[PDB]
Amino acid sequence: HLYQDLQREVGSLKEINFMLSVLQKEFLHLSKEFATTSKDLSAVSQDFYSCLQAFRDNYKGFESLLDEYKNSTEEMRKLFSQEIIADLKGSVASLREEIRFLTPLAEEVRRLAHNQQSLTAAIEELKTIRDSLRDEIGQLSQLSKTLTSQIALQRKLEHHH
């Protein structure tokens, strides 16, 4: 019931992995389209590729962590503290909300540029989203890395049985 509870809360990680694959390329494309129009917008759009790639690099690790929680022992669950579970839930929820904001901005920038409108607010929003995603994907990455290492060490120390 704990695993079915957290899994419901976090949702499909594969869905996030796929959507970030789509969006990282959409924004690399945008970065090439505007290289000679807005240096500033091109730079932030290019930044999004590596920012989103960090989640994909860690995707197998995140799925593995969820599986470990699914098959957890009484000793393993102590590593899954309430603080850590809350951090997992809140960073994944943050990713989903940020993606909701990020998705329409590529076309919005294309539309603004066509009608010669100011790109300032779009660039500011893209910078804010990039920084937020960097923070949350990095927190998720570190959380998963630490927990998996702790689980491995606990199992290694149980090997004597």
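The first residue of the shown sequence is 1; numbering continues from there.
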(request) Quick one: say whether 103-111 or 41-49 has the higher mean Cα B-factor in the deposited entry. (result) 103-111
(request) Could you check which stretch, 20-28 or 147-155, carries the larger mean CA temperature factor in the entry? (result) 147-155
(message) Which third, lowest, middle or highest, does the C-alpha temperature factor of residue 36 belong to within its own chain?
(response) middle
(message) How does the C-alpha B factor of residue 119 compare with the rest of the chain: lowest, middle or highest third?
(response) highest
(request) Taking the chain's C-alpha temperature factors as the reference, tell me which third residue 134 falls into: lowest, middle or highest. (result) middle
(message) Is residue 96 in the lowest, middle or highest third of its chain when residues are ranked by C-alpha B-factor?
(response) middle
(request) Ordered by C-alpha B-factor within the chain, which third holds residue 66? Give me lowest, middle or highest, please. (result) middle
